[PDB]
Structure formats: structure tokens, C-alpha cells
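So the sequences go chain by chain: A and B. Quick note: the first sequence uses the entry's author numbering, first residue 2, plus one each step. Quick note: the second sequence uses the entry's author numbering, first residue 2, plus one each step.
There are 2 protein chains.
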Amino acid sequence: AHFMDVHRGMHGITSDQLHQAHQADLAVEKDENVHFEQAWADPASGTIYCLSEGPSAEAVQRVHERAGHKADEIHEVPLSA
Amino acid sequence: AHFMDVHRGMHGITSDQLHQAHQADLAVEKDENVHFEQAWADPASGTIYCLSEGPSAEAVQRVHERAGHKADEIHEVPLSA
């Protein structure tokens, strides 16, 4: 399944910090059969969007939690255009 | 510049409805040099995420308005991983 998750409150985040966070997810994602495909961040509002594939939102969130940053919101996105 | 925008209240949206909404944006995006890259929808939560390239959030929103669906939230996402 496909998921979009959102992290809020991240104002001022740098490219280095976003890379670091994404690498932390990648380091433990395979245990849960999750793959984080893309991350996009707005340092002004402090909003990070993460697109993943995995068996469930629960699995995606367990990966994030191990990586140090559980998402504030997660939605399955079964439709795409 | 790169933008992520969010539409809420789209409970129960179908694949056909998402496809047509995306087609409507694509039909008028050129005028504003806006380029919608991908859309993802969650019919359960009623959330649509739209990733685009355009000159500004103002331009992206003018396109959405013409296509009949101004986004509830729009963020420049200058960082990606």
C-alpha cells in the first residue's frame, strides 16, 4: 500500500537535517517491508511530507518511531494521478 | 519553485473523480507556468496531496481556482530527500 505522512513543527530545518532524518528512516525501513520513496520539506511552515510504500500505516509509523520521528499524521493514498 | 498543496473534505473520492480533477488542473496550468507533477488521494480521510512546480503559491492557487478547487493548504517545499 502507499502512504503519505506529515511532520509538523519543524520550522527552520536545513537540507542536511532533512537528509539525516530520511537516512535514519532508510536505515531501519526494510525490517517492516517499508520503503520511503520521497520526502519534501517546507522549512518556513515547518512541514515535512513523506511518501512511502508498506503493508500498513502502523508499519510505517514503527519505522519512523525507531528512526526518532513518528509522524503527526499518516494517510493511506490508494489513488494517484 | 516546488509546492505541496492539500485539499480536505474529499471524503469518498473515486479514481475517476481524482483523474478528472487532475485533468482539469492540467488543462489550464500552462498559462501560469505551473506543472502538476503528481496527485495522491486518500478517500477515507478525504485528503488530496498535489505536488507541483510553479513560480509561486499564488500562481498554483490561481490554476486550482480556475479548475474549480482551490487548495486548503499550500507549502513551498524547497527541500527534498
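Even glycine gets a Cβ: it sits at the ideal position worked out from N, Cα and C.
Practice task
Please determine if the segment 29-38 of chain A and the segment 51-65 of chain A are in contact, where contact requires at least 3 C-beta pairs separated by less than 8 Å.
Solution key: Short answer: they touch.
Problem - Residues from the segment 44-74 of chain A in contact with chain B, defined by Cβ distance under 8 Å - result: Those would be 44, 45, 46, 48, 50 and 52, in chain order.
Exercise for the section: Using the Cα positions of residue 63(B) and residue 77(A), report the straight-line distance between them to the nearest angstrom. Expected result: For the purposes of this step, residue 63(B) is identified with residue 62 of the second sequence, where counting begins at 1. For the purposes of this step, residue 77(A) is identified with residue 76 of the first sequence, where counting begins at 1. Taking the straight line from one Cα to the other gives about 28 Å.
Practice task
Could you name the residues of chain B that residue 5(A) contacts, counting a contact when the two beta carbons are closer than 7 Å?
Solution key: Here the question's residue 5(A) lines up with position 4 in the first sequence. Per Cβ cutoff of 7 Å: 41 and 50.
Handout entry: Within the segment 31-80 of chain A, ranges of the alpha helix (DSSP H) (whole runs, at least 4 residues)
Key = Complete alpha helix (DSSP H) runs here, min 4: 58-68.
Problem - Residue from 33(B), 22(B) and 2(B) with nearest C-alpha to residue 60(B) - result: Locating residue 60(B) in the second sequence gives position 59, counting from the first residue. Considering only 33(B), 22(B) and 2(B), the residue with the shortest C-alpha distance to residue 60(B) is 33(B).
Handout entry: Any non-hydrogen atom of the ligand MN closer than 7 Å to residue 25(A) Cβ
Key = Among the components of this structure there are no ligands whatsoever, and the ligand MN is therefore not found.
Problem - residue 12(B) burial status per 10 Å Cβ neighbour count (16 or more: buried) - result: Within the second sequence, residue 12(B) is the residue found at index 11, counting from 1. That one is exposed.
Exercise for the section: With DSSP collapsed to three states, give me the class of residue 12(A). Expected result: By one-based count along the first sequence, residue 12(A) stands at place 11. Reduced to three states, the DSSP call for residue 12(A) is coil.
Practice task
Closer than 9 Å by beta-carbon distance: list the chain A residues that pair up with residue 20(B), in chain order.
Solution key: As a position in the second sequence, residue 20(B) is number 19, starting the count at 1. What residue 20(B) touches in chain A: 80 and 82.
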